[PDB]
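The structure under discussion appears below in the form of structure tokens.
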Amino acid sequence: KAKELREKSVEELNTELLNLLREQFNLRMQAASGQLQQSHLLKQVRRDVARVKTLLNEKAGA
Amino acid sequence: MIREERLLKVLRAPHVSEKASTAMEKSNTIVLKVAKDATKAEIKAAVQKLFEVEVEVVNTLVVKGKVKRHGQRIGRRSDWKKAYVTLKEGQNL
Amino acid sequence: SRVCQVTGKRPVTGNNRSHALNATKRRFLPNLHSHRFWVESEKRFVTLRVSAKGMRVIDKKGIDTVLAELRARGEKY
Amino acid sequence: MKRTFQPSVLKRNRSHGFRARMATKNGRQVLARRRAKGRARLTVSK
Amino acid sequence: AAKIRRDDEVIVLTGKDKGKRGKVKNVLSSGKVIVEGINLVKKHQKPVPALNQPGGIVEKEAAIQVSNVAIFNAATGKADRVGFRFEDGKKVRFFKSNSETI
RNA sequence: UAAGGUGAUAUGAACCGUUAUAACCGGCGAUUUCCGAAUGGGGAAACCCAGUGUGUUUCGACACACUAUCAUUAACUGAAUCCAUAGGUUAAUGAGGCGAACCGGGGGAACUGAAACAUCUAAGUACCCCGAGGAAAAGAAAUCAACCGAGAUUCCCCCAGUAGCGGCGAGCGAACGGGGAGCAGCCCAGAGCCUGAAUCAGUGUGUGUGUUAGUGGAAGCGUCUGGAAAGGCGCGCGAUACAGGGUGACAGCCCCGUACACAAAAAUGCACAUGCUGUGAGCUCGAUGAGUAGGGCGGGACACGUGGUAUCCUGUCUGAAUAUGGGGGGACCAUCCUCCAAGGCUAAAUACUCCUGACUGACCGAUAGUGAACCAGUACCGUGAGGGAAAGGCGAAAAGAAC
RNA sequence: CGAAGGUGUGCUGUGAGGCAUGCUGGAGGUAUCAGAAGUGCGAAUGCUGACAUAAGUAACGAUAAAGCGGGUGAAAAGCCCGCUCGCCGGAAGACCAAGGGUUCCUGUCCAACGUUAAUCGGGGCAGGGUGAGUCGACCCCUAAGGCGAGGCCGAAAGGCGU
Ligand SMILES: [Mg+2]
Ligand SMILES: [Mg+2]
Ligand SMILES: [Mg+2]
Ligand SMILES: [Mg+2]
Ligand SMILES: [Mg+2]
Ligand SMILES: [Mg+2]
Ligand SMILES: [Mg+2]
Ligand SMILES: [Mg+2]
Ligand SMILES: [Mg+2]
Ligand SMILES: [Mg+2]
Ligand SMILES: [Mg+2]
Ligand SMILES: [Mg+2]
Ligand SMILES: [Mg+2]
Ligand SMILES: [Mg+2]
Ligand SMILES: [Mg+2]
Ligand SMILES: [Mg+2]
Ligand SMILES: [Mg+2]
Ligand SMILES: [Mg+2]
Ligand SMILES: [Mg+2]
Ligand SMILES: [Mg+2]
Ligand SMILES: [Mg+2]
Ligand SMILES: [Mg+2]
Ligand SMILES: [Mg+2]
Ligand SMILES: [Mg+2]
Ligand SMILES: [Mg+2]
Ligand SMILES: [Mg+2]
Ligand SMILES: [Mg+2]
Ligand SMILES: [Mg+2]
Ligand SMILES: [Mg+2]
Ligand SMILES: [Mg+2]
Ligand SMILES: [Mg+2]
Ligand SMILES: [Mg+2]
Ligand SMILES: [Mg+2]
Ligand SMILES: [Mg+2]
Ligand SMILES: [Mg+2]
Ligand SMILES: [Mg+2]
Ligand SMILES: [Mg+2]
Ligand SMILES: [Mg+2]
Ligand SMILES: [Mg+2]
Ligand SMILES: [Mg+2]
Ligand SMILES: [Mg+2]
């Protein structure tokens with residue numbers, strides 16, 4: 001990501017971000033009920049949402 | 001009132017125990033761990049949108065984290081918000 | 001505070017020297033009086049916390065000059 | 001018999017609290033020495 | 001600038017297994033190296049009921065100090081020393097003996 | 001910069017990465033809840049409650065931004081009272097608070113010393129308060145000297161425990177002059193002529209250089225004892241490197257280093273070069289700091305305790321001369337010498353160490369050395385200000401003892 | 001092929017001491033001559049730590065009071081169950097506020113803690129448990145009192161107050 005995300009328009013980033021949070025909620029909901037085997041996914045989604053929001057902030061006020 | 005980014009961050013995990021069971025099987029109430037900052041309205045909203053079910057009423061309570069001693073030094077578990085979400089008679093999940 | 005708006009005369013410390021030369025700390029307060037002065041140029045009366053020396057300064061320099069200094073100090077009147 | 005310490009949290013905070021120390025210059029001088037000594041709790045807080 | 005790397009043929013200079021040759025299994029932060037078939041230990045591994053796991057005297061390669069191994073110059077059949085240089089736009093290693101790249 | 005990684009106790013899990021978005025290191029950005037100057041109002045810190053303005057495939061409530069005080073400036077507005085001034089509102093810019101020592105100022109003890117004690121000492125110390133900077137303060141003679149002369153200030157060594165001061169007691173204690181570190185001079189008190197000409201600060205660019213990551217970095221083998229070799233023995237080799245550390249016992253040649261040789265995309269310190277906004281150079285003719293100098297009174301400061309006591313500061317009362325003039329030369333007068341007060345600025349030598357890097361010690365080695373080698377300003381004590389510990393070592397390797 | 005330290009021995013010096021050596025230990029010590037001192041301990045009701053003594057002595061915290069059968073357990077006067085007995089009953093019962101902060105409940109464990117045993121516990125460990133329009137707080141309102149734009153006053157710090 002980061003280069004692949006830098007491309008996409010603001011309207012697009014915000015859409016992807018909604019899916020990221022929707023995924024984050026489900027993955028929380030998985031491990032929560034004791035069903036998530038792939039622990040490392042929680043970290044991934046979280047660190048990706050960060051990139052999105054860093055890119056959104058660099059696009060909006062620059 | 002609400003937003004999608006917030007409704008997603010609000011619900012955190014479901015809470016299991018013999019009371020969270022009898023609550024479910026005898027009164028159609030789902031016991032949940034919600035964000036400490038989550039209002040009763042924000043839980044109704046999130047449980048209706050993210051779980052697609054009809055919420056009757058939400059009752060909330062804040063649980064105090066237990067303190068454990070390790071000799072001279074102590075530790076304190078985090079404080080959390082428990083949410084009793086009753087649902088209208090058409091039970092699902 | 002016991003301060004002359006004109007000269008800047010303030011209380012000083014010294015000693016009460018007895019006949020047996022014993023010294024006990026004391027203050028030497030200035031001769032302060034609040035006095036209304038006539039500003040022809042401003043068509044108003046200005047009250048100033050001034051020393052008796054201060055008055056003699058206003059009598060020489062001229063009220064208009066002395067107030068000019070007060071503006072230059074930021075010291076409102 | 002009745003001992004010297006009779007607790008009242010309203011009183012405790014209204015007397016030794018952070019806000020209390022913060023009010024006076026000498027109370028501000030207290031917080032200073034505690035921070036300088038490296039105190040864990042500067043005042044009895046929540 | 002790491003003289004000994006993963007899956008290198010080395011040769012022991014110090015300790016019980018001095019002279020033995022081996023392939024570098026794993027390298028650790030500690031400045032130590034687990035080398036295949038060197039410095040082995042007969043561990044009395046305790047049983048774990050959460051696997052229902054039996055206990056057993058297990059033999060495993062225990063880490064030797066990276067200063068106790070030298071790089072093996074297969075061509076000279078001798079222990080050697082690594083030196084760095086820039087062949088092209090990339091840094092390389094070479095045997096201090098034959099001045100030849102690895 | 002890399003072949004290994006996802007901080008520690010602390011494994012395990014699930015994974016990431018190996019020739020270049022794994023990780024790690026450095027520059028610059030993004031984010032940065034709540035409390036705290038804390039600043040929308042309140043408050044028992046980490047909470048409670050608003051106003052205005054915006055947003056609502058829901059335009060309820062929630063989300064978001066703004067809203068403290070003071071100072072200067074600006075715009076509008078505006079009384080007693082006609083003008084005016086006060087007041088009122090908004091906006092812009094600045095301040096606030098924290099913090100080692102050094103520094104300048106405002107206040108200012110006592111215990112003690114005098115073998116008692118009051119003058120005197122301690123001491124302008126301790127402490128409280130205010131303000132500021134990489135230093136601060138001081139600073140270009142109304143200064144000394146002595147009829148020869150010197151030439152701002154700060155600082156060092158002498159002069160000298162001398163001259164003096166002193167219930168002439170206890171004590172306090174200079175200067176002149178000499179040897180040094182360092183050296184630097186200027187502006188206003190106003191007008192014209194020439195005009196932006198010397199200096200300096202803010203700032204863009206460039207170079208040189210320094211900081212914030214880094215790169216390369218020589219030369220060993222046999223044998224003996226031994227669990228193990230760096231130790232014994234034998235023979236080689238490097239050294240602008242034999243500083244130091246680690247490695248299974250003591251290593252120049254196993255590792256990290258060390259001498260030496262290099263390095264920055266970016267941020268920045270300091271210099272010059274250069275551009276620019278602002279400041280003003282040179283010359284002629286002037287001008288030359290007044291409630292001031294001096295004095296009475298009460299104090300304070302000078303090594304100098306009122307003394308025969310100059311010099312300085314001023315609480316109080318008073319008060320000149322104006323270069324044919326005035327200050328000083330330790331009561332005072334005369335002569336002579338010297339200087340020009342009542343306006344300001346100024347680098348260096350000097351003081352310091354919360355902090356960053358390098359190196360060092362006839363300093364300590366766990367009752368020592370920091371209170372603290374260790375999760376210590378902790379545990380614990382106390383209403384609180386505050387007080388305040390004990391506590392290091394298996395082994396080369398956990399092979400931490402299967403059965 | 002065994003350093004320092006530890007502990008025996010022997011020889012030696014007038015002595016402080018010195019030397020050698022057995023055992024322990026397991027990496028360090030340092031002649032000689034110089035140089036420098038945190039340089040020698042029995043006392044200071046010395047400081048710190050350790051361990052004696054009295055002594056297996058005094059006590060075991062209200063004189064309301066116990067007895068038995070059964071149980072669990074390695075073990076039972078104390079725990080559980082049962083039947084008796086006794087004590088409080090304007091309290092020794094029930095409920096609040098202040099204060100405490102998980103002590104509540106379940107499982108499990110017994111080193112230490114409990115003045116004894118402990119299977120039991122307010123003890124260890126783990127898990128669970130506190131649900132409000134109408135009960136309390138927040139909120140509106142004020143009291144004593146506090147703070148207080150401007151303000152008045154005060155060497156500074158500050159004091160007072162619209
Ligand atoms: Mg509730
Ligand atoms: Mg970075
Ligand atoms: Mg606020
Ligand atoms: Mg406030
Ligand atoms: Mg309010
Ligand atoms: Mg009018
Ligand atoms: Mg400040
Ligand atoms: Mg005396
Ligand atoms: Mg500063
Ligand atoms: Mg200065
Ligand atoms: Mg002359
Ligand atoms: Mg002196
Ligand atoms: Mg001289
Ligand atoms: Mg010179
Ligand atoms: Mg090398
Ligand atoms: Mg050894
Ligand atoms: Mg003059
Ligand atoms: Mg006389
Ligand atoms: Mg004079
Ligand atoms: Mg002058
Ligand atoms: Mg340092
Ligand atoms: Mg210590
Ligand atoms: Mg020891
Ligand atoms: Mg020694
Ligand atoms: Mg010896
Ligand atoms: Mg000697
Ligand atoms: Mg002794
Ligand atoms: Mg004795
Ligand atoms: Mg007995
Ligand atoms: Mg007896
Ligand atoms: Mg007896
Ligand atoms: Mg008895
Ligand atoms: Mg009893
Ligand atoms: Mg027993
Ligand atoms: Mg507990
Ligand atoms: Mg219980
Ligand atoms: Mg017991
Ligand atoms: Mg318990
Ligand atoms: Mg309800
Ligand atoms: Mg005020
Ligand atoms: Mg007040």
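The chains in the structure tokens are called A, B, ... from first to last as shown; in each chain the residues are counted from 1, and the ligands are counted from 1 in the order shown.
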
Selection within 9 Å of ligand 1 by only C-alpha atoms (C1' of nucleotides) and all ligand atoms, output as a list in words: residues 59, 60, 61 and 62 of chain B; 131 and 132 of chain G

Surrounding residues of residue 10 (chain D) excluding itself and chain neighbours under 5 positions, 10 Å, only C-alpha atoms (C1' of nucleotides), as a ChimeraX atom specification: /D:15,17 /F:44

Write the residues you've just listed into a file as a PDB file, in the first residue's frame, and include N, CA and C atoms (P, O5', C5', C4', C3', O3' and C1' of nucleotides) for each of them.
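Output (part_25.pdb):
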```
ATOM      1  N   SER D  15      -8.449  20.839  51.669  1.00  0.00           N
ATOM      2  CA  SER D  15      -7.321  21.319  52.433  1.00  0.00           C
ATOM      3  C   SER D  15      -5.952  21.031  51.780  1.00  0.00           C
ATOM      4  N   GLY D  17      -5.630  19.132  48.594  1.00  0.00           N
ATOM      5  CA  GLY D  17      -5.830  18.882  47.174  1.00  0.00           C
ATOM      6  C   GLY D  17      -4.951  19.677  46.221  1.00  0.00           C
TER       7      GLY D  17
ATOM      8  P     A F  44     -12.689  23.610  44.435  1.00  0.00           P
ATOM      9  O5'   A F  44     -12.440  22.282  45.304  1.00  0.00           O
ATOM     10  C5'   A F  44     -11.134  21.676  45.311  1.00  0.00           C
ATOM     11  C4'   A F  44     -11.206  20.175  45.498  1.00  0.00           C
ATOM     12  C3'   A F  44     -11.021  19.338  44.228  1.00  0.00           C
ATOM     13  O3'   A F  44     -10.012  18.350  44.472  1.00  0.00           O
ATOM     14  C1'   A F  44     -12.830  18.580  45.509  1.00  0.00           C
TER      15        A F  44
END
```

Ligand 13 neighbours within 12 Å using only C-alpha atoms (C1' of nucleotides) and all ligand atoms, as an MDAnalysis selection string: chainID F and resid 150 155:159 176:181

Contacts to ligand 40 at 12 Å cut-off (only C-alpha atoms (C1' of nucleotides) and all ligand atoms) as a ChimeraX atom specification: /F:69-70 /G:147-152,160-162

In chain B, DSSP strand (DSSP E) residues written as a PyMOL selection string: chain B and resi 11-14+29-34+55-63+67-69+74-76+80-87

Chain D residues near chain F (6 Å cut-off, only C-alpha atoms (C1' of nucleotides)) as a VMD selection string: chain D and resid 13 to 14 18 38 to 39

Expected answer as a VMD selection string: residues within 9 Å of ligand 15, only C-alpha atoms (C1' of nucleotides) and all ligand atoms: (chain E and resid 83) or (chain F and resid 217 to 218 256 to 257)

Residue 350 (chain F) environment, 12 Å, only C-alpha atoms (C1' of nucleotides), sequence neighbours closer than 4 positions dropped, as a VMD selection string: chain F and resid 102 to 103 135 to 138 153 to 156 181 to 182

Could you dump the residues just selected with C-alpha atoms (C1' of nucleotides) as a PDB file, in the first residue's frame?
```pdb
ATOM      1  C1'   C F 102      26.015  31.586  37.354  1.00  0.00           C
ATOM      2  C1'   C F 103      24.195  37.273  37.109  1.00  0.00           C
ATOM      3  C1'   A F 135      26.785  35.272  30.022  1.00  0.00           C
ATOM      4  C1'   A F 136      25.077  39.284  33.385  1.00  0.00           C
ATOM      5  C1'   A F 137      26.866  43.810  35.605  1.00  0.00           C
ATOM      6  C1'   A F 138      30.470  47.318  34.378  1.00  0.00           C
ATOM      7  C1'   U F 153      35.686  48.534  31.780  1.00  0.00           C
ATOM      8  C1'   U F 154      36.187  43.339  33.437  1.00  0.00           C
ATOM      9  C1'   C F 155      39.730  39.773  35.237  1.00  0.00           C
ATOM     10  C1'   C F 156      44.714  37.483  37.332  1.00  0.00           C
ATOM     11  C1'   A F 181      44.869  38.073  30.373  1.00  0.00           C
ATOM     12  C1'   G F 182      42.400  40.976  27.195  1.00  0.00           C
TER      13        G F 182
END
```

Close residues, region 91-102 of chain E itself excluded, 12 Å, only C-alpha atoms (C1' of nucleotides), min 5 positions apart in chain, as a VMD selection string: (chain E and resid 1 to 5 8 to 9 70 to 86) or (chain F and resid 1 to 2 19 215 to 216 218 to 219)

Distance-based interface of chain B with chain F, 7 Å, counting only C-alpha atoms (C1' of nucleotides), as a ChimeraX atom specification: /B:1-2,72

Could you write those residues out with C-alpha atoms, as a tab-separated table (two decimals), in the first residue's frame?
```
chain	number	residue	atom	x	y	z
B	1	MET	CA	-26.58	12.30	16.75
B	2	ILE	CA	-24.50	9.39	15.28
B	72	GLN	CA	5.65	-4.30	47.47
```

Would you list the contacts of residue 24 (chain A) as a PDB file with C-alpha atoms, in the first residue's frame, taking every protein, DNA or RNA residue within 8 Å and counting only C-alpha atoms (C1' of nucleotides), but skipping same-chain residues closer than 5 positions in sequence?
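Final output, saved to out06.pdb:
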```
ATOM      1  CA  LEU A  42      -5.705  -7.081  13.899  1.00  0.00           C
ATOM      2  CA  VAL A  45      -5.963  -3.541   9.480  1.00  0.00           C
ATOM      3  CA  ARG A  46      -5.023  -1.063  12.312  1.00  0.00           C
TER       4      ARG A  46
END
```

Selected residue, from F:349, F:344, F:357, F:255, that lies nearest to ligand 14 when counting only C-alpha atoms (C1' of nucleotides) and all ligand atoms: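 The closest residue to ligand 14 is F:349.
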
Long-range neighbours of residue 34 (chain C) as a ChimeraX atom specification, 8 Å cut-off, only C-alpha atoms (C1' of nucleotides), 4 positions minimum in chain: /C:47-50

Let's have the selection written as a PDB file, in the first residue's frame, with C-alpha atoms.
```pdb
ATOM      1  CA  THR C  47      -5.241  64.027  40.516  1.00  0.00           C
ATOM      2  CA  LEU C  48      -1.675  62.752  41.141  1.00  0.00           C
ATOM      3  CA  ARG C  49      -0.067  60.890  44.046  1.00  0.00           C
ATOM      4  CA  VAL C  50       2.862  63.253  44.416  1.00  0.00           C
TER       5      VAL C  50
END
```

Shell of 12 Å around region 41-51 of chain G, only C-alpha atoms (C1' of nucleotides), local chain residues under 2 positions omitted, as number ranges by chain: F: 367, 390; G: 53

For the selection you just gave me, I'd like the residues written to a file as a PDB file, in the first residue's frame, keeping N, CA and C atoms (P, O5', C5', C4', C3', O3' and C1' of nucleotides).
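Output below, filename selection31.pdb:
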```
ATOM      1  P     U F 367      26.919  -3.796  52.014  1.00  0.00           P
ATOM      2  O5'   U F 367      27.430  -2.416  52.661  1.00  0.00           O
ATOM      3  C5'   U F 367      26.686  -1.190  52.465  1.00  0.00           C
ATOM      4  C4'   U F 367      26.715  -0.335  53.725  1.00  0.00           C
ATOM      5  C3'   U F 367      28.056   0.285  54.080  1.00  0.00           C
ATOM      6  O3'   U F 367      27.847   1.521  54.699  1.00  0.00           O
ATOM      7  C1'   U F 367      27.362  -1.098  55.834  1.00  0.00           C
ATOM      8  P     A F 390      19.301   1.025  52.553  1.00  0.00           P
ATOM      9  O5'   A F 390      19.101  -0.535  52.747  1.00  0.00           O
ATOM     10  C5'   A F 390      18.966  -1.064  54.056  1.00  0.00           C
ATOM     11  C4'   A F 390      18.067  -2.290  54.072  1.00  0.00           C
ATOM     12  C3'   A F 390      18.358  -3.318  52.979  1.00  0.00           C
ATOM     13  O3'   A F 390      19.362  -4.226  53.424  1.00  0.00           O
ATOM     14  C1'   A F 390      16.076  -2.820  52.964  1.00  0.00           C
TER      15        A F 390
ATOM     16  P     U G  53      19.380 -19.170  74.236  1.00  0.00           P
ATOM     17  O5'   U G  53      19.466 -18.214  75.501  1.00  0.00           O
ATOM     18  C5'   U G  53      20.486 -18.390  76.448  1.00  0.00           C
ATOM     19  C4'   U G  53      20.422 -17.285  77.447  1.00  0.00           C
ATOM     20  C3'   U G  53      19.103 -17.200  78.174  1.00  0.00           C
ATOM     21  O3'   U G  53      19.114 -18.054  79.334  1.00  0.00           O
ATOM     22  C1'   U G  53      19.805 -15.045  77.416  1.00  0.00           C
TER      23        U G  53
END
```

Residues of chain B that have any atom at most 10 Å from an atom of chain A: could you tabulate them with the shortest-distance atom pair and the distance in Å to one decimal, using only C-alpha atoms, ordered by chain and increasing number, as a tab-separated table?
```
residue	atom	partner	partner_atom	distance
B:4	CA	A:18	CA	7.9
B:5	CA	A:18	CA	7.1
B:6	CA	A:21	CA	9.8
B:7	CA	A:25	CA	9.9
B:8	CA	A:25	CA	6.3
B:9	CA	A:25	CA	7.4
B:10	CA	A:25	CA	9.5
B:11	CA	A:25	CA	8.0
B:12	CA	A:28	CA	7.0
B:13	CA	A:32	CA	5.3
B:14	CA	A:32	CA	6.8
B:15	CA	A:33	CA	8.4
B:16	CA	A:33	CA	8.6
B:33	CA	A:32	CA	10.0
B:50	CA	A:22	CA	9.0
```

Test item: residues no farther than 10 Å from ligand 38, counting only C-alpha atoms (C1' of nucleotides) and all ligand atoms, as a count of residues only: 7
